[PDB]
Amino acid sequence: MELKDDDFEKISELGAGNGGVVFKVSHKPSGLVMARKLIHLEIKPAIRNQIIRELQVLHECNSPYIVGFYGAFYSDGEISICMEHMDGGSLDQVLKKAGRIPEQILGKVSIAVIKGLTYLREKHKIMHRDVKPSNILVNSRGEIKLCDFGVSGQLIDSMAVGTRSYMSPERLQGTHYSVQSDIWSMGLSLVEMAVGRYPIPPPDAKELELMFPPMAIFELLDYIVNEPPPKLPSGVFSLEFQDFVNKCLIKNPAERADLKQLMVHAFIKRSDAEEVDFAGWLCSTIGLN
């Protein structure tokens, strides 16, 4: 069934960020509750049809680790992507209320991100391009899914930053990047969620004891690019987890681990075995179920 602007009714606003605003909406004809992302674009009707056309592959992006797609269309200077509503929100939100996310939980998250990337790569030859906590969504059934990945080449073009980057050193330095760059983003996202704040610059020994001005644009980019990468602090995290992120955060992208390797890493094998009530933990910390 086709989706269009007049068949929807706004319920509330889920949030917004840099180029997009997303609403919790009701699709009257079906009764379904959806998340409707609007992207304001001043663009000609030709490239619009290409964006809509390119977004149609979302209909075949079906995975427990990928946010579901309902449909896409254009309204009035807005492109609409309608998707599964995740009632847990994004991980940056849960991080706020949580303060820190337990390592065992991050184990489950890691599994989901890896399987999601792998799915998009193996089944669709798509790289994420934008892995970070707000693009990892969760729900009360304890599912962890990716969204906001680069299916439409043209949409990317029509949008081409913030005061904190999850971009790899190679992507910051030029055009010489690819799927490896997503690994870095994941690594950086996992520290931070683990620690309780964007891990650049790294905390002083005093800042560590407490847990257990904002940096200027160039100073932050220059750090990412030229300073040793961030590490999990010792003692408070398993050696396994430490190695896992160290492998994700190698500056040289060819030496950096790939999805293949990460999938059979000690930390993952260990997390696979662990029985974790994610649904329960999520609802307790953000007060839902």
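When you see a residue number, it is the position in the sequence shown, counting from 1. Rigid core here is just the name for the largest C-alpha set that superposes within 1.5 Å across the two forms.
Take 54-62 and 240-248, fit the other structures onto the shown form by the rigid core, and average the C-alpha distances in 5 other deposited structures of this protein: the farther stretch is 54-62. In 5 other deposited structures of this protein, superposed by the rigid core, the C-alpha atoms of 16-24 lie farther from the shown form than the other of 267-275 and 16-24. Unmodelled residues of the deposited sequence between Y74 and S75: none, the chain being continuous. Averaged over CA atoms, B-factors in the entry run higher in 213-221 than in the other of 213-221 and 188-196.
Look at the mean CA B-factor for 59-67 and for 227-235 in the entry; the higher one is 227-235. Going by the entry's values, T175 shows the largest Cα B-factor out of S168, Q93, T175, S152. For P202, the recorded CA B-factor ranks within the highest third of the chain. Only modelled residues enter the ranking. For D243, the recorded CA temperature factor ranks within the highest third of the chain's modelled residues. Per the deposited record, the Cα B-factor of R48 falls in the highest third when ranked against the other modelled residues of its chain. Per-chain ranking of the deposited C-alpha B factor places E78 in the highest third. Split the chain's modelled residues into thirds by C-alpha temperature factor. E54 is in the middle one.
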